[PDB]
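> Would you mind keeping the following structure in view while I ask a few things?
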There are 2 protein chains.
Amino acid sequence: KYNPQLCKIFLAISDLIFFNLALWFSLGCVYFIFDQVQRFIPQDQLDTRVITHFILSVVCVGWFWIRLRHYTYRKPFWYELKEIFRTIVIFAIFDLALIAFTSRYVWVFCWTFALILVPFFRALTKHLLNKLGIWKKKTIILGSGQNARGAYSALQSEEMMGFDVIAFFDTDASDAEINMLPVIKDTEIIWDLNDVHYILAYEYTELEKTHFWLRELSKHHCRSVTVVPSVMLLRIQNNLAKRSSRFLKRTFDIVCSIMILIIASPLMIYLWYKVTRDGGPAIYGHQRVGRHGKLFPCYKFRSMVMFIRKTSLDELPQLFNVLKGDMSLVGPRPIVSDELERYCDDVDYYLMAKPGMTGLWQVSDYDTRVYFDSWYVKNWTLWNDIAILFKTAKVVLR
Amino acid sequence: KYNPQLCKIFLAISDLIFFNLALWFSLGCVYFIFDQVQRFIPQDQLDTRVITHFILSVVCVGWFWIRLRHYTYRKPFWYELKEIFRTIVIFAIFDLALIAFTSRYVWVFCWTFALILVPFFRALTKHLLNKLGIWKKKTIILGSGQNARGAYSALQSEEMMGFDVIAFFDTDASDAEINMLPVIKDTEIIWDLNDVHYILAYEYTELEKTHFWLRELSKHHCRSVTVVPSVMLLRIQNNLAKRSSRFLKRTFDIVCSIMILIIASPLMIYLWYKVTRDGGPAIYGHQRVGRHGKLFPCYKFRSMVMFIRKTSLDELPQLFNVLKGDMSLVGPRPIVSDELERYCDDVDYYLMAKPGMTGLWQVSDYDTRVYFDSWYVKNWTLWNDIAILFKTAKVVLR
């Protein structure tokens, strides 16, 4: 039932309408709290101002349609969110330049509103549109090994893109069921299926096959093609080796930890009162390996004798720890010194960054955790920290 | 004697000074031809306007320093030049918008001046620094096969980059001289050399070695690293399959052919008068394979009985061909139908695009020409057309 043009039209309508609604909400709040905007913006400005905003609005959708191509190619939720935030803050810079060259409060209100609402309302409209069933588009995976099934699992890791993997294909598939999906070996089925999207996930040793398929989908002019690997210049950015990144992470850690301490102090104090009925220290320090291999006392709610565990509140006192600098909010899970050997050659990756209360594996065996922590350390960004923190809050809620 | 800090400082100073000098030149020309700018821009504007320009200027260098990194990483002259034009035209949108919310002639004059002068004067500055010996930085190549020597030759293809290859390295090198350069097999020489840049050019079958070297340059913290190959998403853009690109190429071809006709009509008419002394057609049509395999009469100056060839003027009448659509300026060299077989599986690539007066191989055996033409067809851009046309004019001059 997949329908691309209706999706694009609805998404553009949502973008324009809600981008205008941000400024209208700013106007309404200013009127409700101050009662006079003619005080602030005289009347003859309005139309002029608003039409300028209209122009900006269409420019925004233009930058999202013909340059960033949000309406023809699909990205995960978080990459979309980061790109949209960068675009909209750059647009806020544009409008600040326009206004300064001609109010701060109305500008801040409108654009904070926009940042909050445009992605959330895009999510709402795409969810309703998925409920309408023209969002999910049918896809065929090529490959019958671990790479294909892992990519399939990655696709189900976030349904909001709408890739419905309907069937697999591999001329030499050992099984008939991959992840309980039908397997196609005679390619005539594939070509008779032609709005069918394709995902190439052949393994490295079969990469040559992909090259053949790289030609195949070109011959019948199939534009919906995507390949996921198992004179070019790739710059691997070791972000954790930058002093500016470390200082920014320290500042963000301090601010967020202080804020959440302010938020959750009553609950922690109530837990203190309830636990201290036995007469002992409700908070204990356990030795763990931290940054550079440094041994630190992690502070935790006491769980044993001289409900919290199910709710996972026992990790709350670590914020005091974060107040001193031993760990961040986002990072590898703390482990004992005996568990260090299981990292093997990745030990250096485990010791390069401060540990975190939450990490990639917490929200996504021991080797899987080690690989996820190493990937987080190698590809650390502040955006990744925000995403992992939001996912951790989501997990806590569910 | 290589010096990065002096080069960066000089390049920034040149960029800023000449960006301001563009506006000063616009002011001077407007004054010389009009005699009154107070007519146009009153006096109290000047300082305000100029300081805004000053701000824009530093913004420009900022956008070239911390975002585009033109001062720490080296790019080919044409990629640099295209990126600089894109930056300047985006800034043109900026400044035209800034003026709109508050003259067309002065703005156009000033920033055509900037567009012409900033790249050319930056080139003059880096050539002067090359004469001063702080531009060429010493580089070590890794690899002893065809890929290493090919990357070496492609590096000498643009000496303005500033990469002086001083020695090779390969533990298993068969020879002692690669391109007559010294070869190292004990890496202790390389680590004793440590401002030494590195170029990894190991072949695909030895790619594993590069991975080891990928670690090696990491452990000694050598940040001057570069690799040239012999979940990622690579979108191969077949530009020639786009109707908009084809129409743009048609319009550009028409305009450029018309202007070349306007410029070169006296020379062509004179050569007509000189050749027609024998009483025959100075212009002849030779059958050649064109777009889609279409056979077309290519127009050429007559060279045989019933100086021009040395000067290569005999290819001038093909402009008339370009006027009808069988020829472009930039494209594969026209060949006879017997030469088609030598393209082999690449024949389809030879037939997809209109033949041009000049091509990539003309300015850069038969197989090399076929590969260059196929690469041009696959990776065609209007910027590539401009670069090849400029290189062809350069070749004609030399």
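A note on labels: chains of the structure tokens are A, B, ... as shown, every chain counts residues from 1, and ligands are counted from 1 in their shown order.
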Would you list, as a tab-separated table (two decimals) with C-alpha atoms, in the first residue's frame, the residues of region 99-336 of chain A that end up in strand (DSSP E) under DSSP run on this structure's backbone?


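Written out: result.tsv:
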chain	number	residue	atom	x	y	z
A	137	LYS	CA	7.74	0.13	1.75
A	138	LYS	CA	8.58	-3.41	0.70
A	139	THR	CA	12.26	-4.36	0.64
A	140	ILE	CA	14.25	-7.41	-0.48
A	141	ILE	CA	17.51	-8.36	1.24
A	142	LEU	CA	20.24	-10.12	-0.75
A	163	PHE	CA	11.56	-0.62	5.56
A	164	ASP	CA	9.31	-3.69	5.65
A	165	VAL	CA	11.63	-6.54	4.72
A	166	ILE	CA	9.17	-8.74	2.85
A	167	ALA	CA	11.52	-11.39	1.47
A	168	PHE	CA	15.16	-12.38	1.07
A	169	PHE	CA	17.12	-13.42	-2.00
A	177	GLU	CA	13.84	-19.78	5.95
A	178	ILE	CA	16.00	-16.84	7.00
A	181	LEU	CA	11.47	-15.16	5.86
A	182	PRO	CA	10.99	-16.61	2.37
A	197	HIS	CA	13.46	-1.54	-2.57
A	198	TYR	CA	16.66	-3.57	-2.38
A	199	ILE	CA	19.24	-4.07	0.38
A	200	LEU	CA	22.61	-5.57	-0.52
A	225	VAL	CA	19.10	0.42	-4.04
A	226	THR	CA	21.06	0.30	-0.77
A	227	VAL	CA	24.22	-1.57	0.24
A	283	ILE	CA	25.27	4.22	50.33
A	284	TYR	CA	28.35	2.06	49.78
A	285	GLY	CA	31.49	2.37	47.70
A	286	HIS	CA	32.55	-0.51	45.45
A	287	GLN	CA	35.99	-0.57	43.83
A	288	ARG	CA	35.87	-0.46	40.03
A	289	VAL	CA	38.26	0.23	37.15
A	295	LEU	CA	40.40	2.47	40.65
A	296	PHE	CA	37.42	4.43	41.96
A	297	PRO	CA	34.73	3.89	44.61
A	298	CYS	CA	31.39	3.76	42.82
A	299	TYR	CA	28.62	4.96	45.15
A	300	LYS	CA	25.50	2.79	45.18
A	301	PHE	CA	22.34	2.28	47.20
A	328	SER	CA	30.29	10.42	33.02
A	329	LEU	CA	26.62	9.68	32.43
A	330	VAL	CA	27.36	7.99	29.08

> Neighbouring residues of residue 37 (chain A) were defined as those with any atom within 10 Å, considering only C-alpha atoms; residues of the same chain fewer than 4 positions away were excluded. Please report them as number ranges by chain.

A: 27-28, 30-32, 41-43, 106

> For those residues, write N, CA and C atoms to a file as a compact mmCIF listing (two decimals), in the first residue's frame.


# COMPACT_ATOMS: atom_id res chain seq x y z
N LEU A 27 3.78 34.29 19.47
CA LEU A 27 2.92 35.47 19.53
C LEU A 27 1.86 35.32 20.62
N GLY A 28 1.23 34.15 20.68
CA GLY A 28 0.18 33.94 21.67
C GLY A 28 0.69 33.99 23.10
N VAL A 30 3.43 35.55 24.15
CA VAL A 30 3.81 36.93 24.43
C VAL A 30 2.58 37.76 24.76
N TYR A 31 1.50 37.58 23.99
CA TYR A 31 0.26 38.30 24.28
C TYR A 31 -0.31 37.91 25.64
N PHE A 32 -0.29 36.62 25.97
CA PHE A 32 -0.89 36.19 27.24
C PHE A 32 -0.11 36.72 28.43
N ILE A 41 6.22 44.74 18.86
CA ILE A 41 6.20 44.82 17.41
C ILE A 41 4.97 45.63 17.00
N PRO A 42 5.14 46.82 16.43
CA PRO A 42 3.99 47.59 15.95
C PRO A 42 3.24 46.83 14.86
N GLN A 43 2.07 47.38 14.51
CA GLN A 43 1.13 46.64 13.66
C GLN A 43 1.64 46.51 12.22
N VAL A 106 10.85 37.11 21.57
CA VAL A 106 9.96 36.46 20.61
C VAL A 106 10.74 35.51 19.71

> I need the contact residues of chain A against chain B, so if you could list those with any atom within 12 Å, counting only C-alpha atoms, and return them as a ChimeraX atom specification, that would help.

/A:48-49,52,56,73-75,93-102,147,150-151,154,199-201,214-215,218,221,223-238,241

> Which residues are near residue 4 (chain A)? Cut-off 9 Å, only C-alpha atoms, ignore same chain within fewer than 6 positions. Put them as an NGL selection string.

:A and (71-72 or 134-135 or 137)

> Put those residues in a file: N, CA and C atoms, as a short mmCIF file (atom, residue, chain, number, x, y, z; two decimals), in the first residue's frame.


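So the final result, stored in result-v5.cif, reads:
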data_model
loop_
_atom_site.label_atom_id
_atom_site.label_comp_id
_atom_site.auth_asym_id
_atom_site.auth_seq_id
_atom_site.Cartn_x
_atom_site.Cartn_y
_atom_site.Cartn_z
N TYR A 71 13.08 13.61 1.75
CA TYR A 71 11.80 13.10 1.27
C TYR A 71 11.94 11.97 0.26
N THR A 72 13.16 11.63 -0.14
CA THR A 72 13.41 10.52 -1.05
C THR A 72 14.29 9.42 -0.47
N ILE A 134 0.69 3.54 4.14
CA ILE A 134 1.44 3.90 2.95
C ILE A 134 2.87 4.33 3.29
N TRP A 135 3.27 4.19 4.55
CA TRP A 135 4.62 4.48 5.02
C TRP A 135 5.58 3.32 4.79
N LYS A 137 7.45 0.52 3.12
CA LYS A 137 7.74 0.13 1.75
C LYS A 137 8.46 -1.21 1.74
#

> Per residue of region 40-140 of chain B within 10 Å of region 373-385 of chain B, record the nearest atom pair and its distance in Å to one decimal, counting only C-alpha atoms, with rows in chain order and ascending residue number, as JSON lines.


{"residue": "B:78", "atom": "CA", "partner": "B:383", "partner_atom": "CA", "distance": 8.5}
{"residue": "B:79", "atom": "CA", "partner": "B:383", "partner_atom": "CA", "distance": 9.0}
{"residue": "B:81", "atom": "CA", "partner": "B:383", "partner_atom": "CA", "distance": 9.8}
{"residue": "B:82", "atom": "CA", "partner": "B:383", "partner_atom": "CA", "distance": 7.2}

> Residues of the last selection are to be written out with N, CA and C atoms, as a PDB file, in the first residue's frame.


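The result, stored in again.pdb:
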ATOM      1  N   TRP B  78      41.787  22.266  -8.650  1.00  0.00           N
ATOM      2  CA  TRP B  78      40.434  22.391  -9.177  1.00  0.00           C
ATOM      3  C   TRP B  78      39.375  22.132  -8.110  1.00  0.00           C
ATOM      4  N   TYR B  79      39.582  21.136  -7.244  1.00  0.00           N
ATOM      5  CA  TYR B  79      38.640  20.920  -6.149  1.00  0.00           C
ATOM      6  C   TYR B  79      38.624  22.109  -5.199  1.00  0.00           C
ATOM      7  N   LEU B  81      39.299  25.108  -6.017  1.00  0.00           N
ATOM      8  CA  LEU B  81      38.747  26.263  -6.713  1.00  0.00           C
ATOM      9  C   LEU B  81      37.226  26.174  -6.787  1.00  0.00           C
ATOM     10  N   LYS B  82      36.702  24.971  -7.050  1.00  0.00           N
ATOM     11  CA  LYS B  82      35.257  24.760  -7.048  1.00  0.00           C
ATOM     12  C   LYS B  82      34.662  25.011  -5.671  1.00  0.00           C
TER      13      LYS B  82
END

> Could you tell me how far CA of residue 127 (chain A) sits from CA of residue 160 (chain A), in Å to one decimal place?

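That distance, rounded to one decimal, is 7.4 Å.
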
> Could you find all residues in region 109-349 of chain A that DSSP calls helix (DSSP H, G or I) from the backbone, and write them as a ChimeraX atom specification?

/A:109-132,146-156,159-161,187-192,204-219,239-241,243-278,291-293,308-311,313-315,318-324,337-349
